[PDB]
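First, one chain by itself in structure tokens, the form deposited in one PDB entry.
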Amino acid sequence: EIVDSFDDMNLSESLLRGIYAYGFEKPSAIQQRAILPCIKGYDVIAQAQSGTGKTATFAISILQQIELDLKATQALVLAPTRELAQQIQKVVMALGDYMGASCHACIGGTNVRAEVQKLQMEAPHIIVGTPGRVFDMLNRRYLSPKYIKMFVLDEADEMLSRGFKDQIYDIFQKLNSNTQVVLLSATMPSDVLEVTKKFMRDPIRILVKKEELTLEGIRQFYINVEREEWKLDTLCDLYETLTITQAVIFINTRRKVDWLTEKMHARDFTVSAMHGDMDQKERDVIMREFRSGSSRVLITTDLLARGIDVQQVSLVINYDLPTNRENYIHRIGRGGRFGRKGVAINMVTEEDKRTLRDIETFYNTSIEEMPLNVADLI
């Protein structure tokens, strides 16, 4: 079961070289548990707390299985958003730096002609993509399922949700029967675990009790606002705390992201906005500026709730409380990456603290009123 060193995982020498060149020294808890079953070829359901290294868990496993002399697509990774798929593609490339493995990002919003040209020239070893564009390229037969032996759903419970399950099933239908299936997520509700019985062969389940999901290093607070109409002034009062670090402010609708961004611009606050109705070129610019520290404060929808890794984020503001319990863990998990200290602030009206209490009891976690000392916890 447990293996506490990358040197003890029978990895290729050049793969191990890429891990160490990337900055990793010891495998995290989930890497100690899940990499070997995945490399062995078992179907695996791998759950672990936010920010504990689930990407490299499947990235290392995929890279170790690739036949580099076989110029065909051998592994397919799906993610719910374009920004996450792009982030994963970069991690795979960095860990495979000394291997000569090809990994291509297959996502909506990018130039179709250029991608078709590339795919027809050479079949990448690894595809990381979003379901729409991947299915499109399968349908056009510019991607071939012929040699795909590994199929990974990151954020798997979102990939099996109401809007994604049919998309995943249409892709799975084009895959060979013997394809290995690996699922990863911070959250794995029992209804999701049930449906995995339809397409996974007695998988290895590496699970986490929901009452043990919250990270000790992320202090959760609430701010009484009483009325929705005072949230704007409360956020502006927090601004100089938001900019100590980098902060993400979560909003439940695209429309309100635009509303809040303009209100804060009108008061001369420097903030960036992010949601799915922006052009992909706009989305890429905003994400790049945030990753580089050029912009410190991001107002966004749940587009960025899952998987996005920006080490410098240590503050998450739930301006709107999430209507999905599982989504709460993902949102606050944008801070406190890989053991770092983080803070989550929930802005709660009267009608809201009913929801906050349900969150508290779901995760067996206590969310106290925000202290005046909070700028020092950043």
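For the two forms, the rigid core is made up of the largest set of C-alpha atoms that agree within 1.5 Å on superposition. Numbers follow the displayed sequence, beginning with 1.
Beyond what is shown, the protein has a form deposited in another entry; the following relates to that form.
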query	finding
Mobile residue between this form and the one not shown, C-alpha criterion 2 Å or more, rigid core, from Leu63, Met347, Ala56, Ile45	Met347
C-alpha of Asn364 moved at least 2 Å between this form and the one not shown on rigid core	yes
Large Cα shift (2 Å or above) at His125 between this form and the one not shown, core-fitted	no
C-alpha of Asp302 off by 2 Å or more between this form and the one not shown on rigid core	yes
Closer or farther in that other deposited form: C-alpha pair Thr52, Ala56 (3 angstroms or more)	closer
Cα distance between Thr52 and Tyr22, which in that other deposited form differs by 3 Å or more from this form, closer or farther	closer
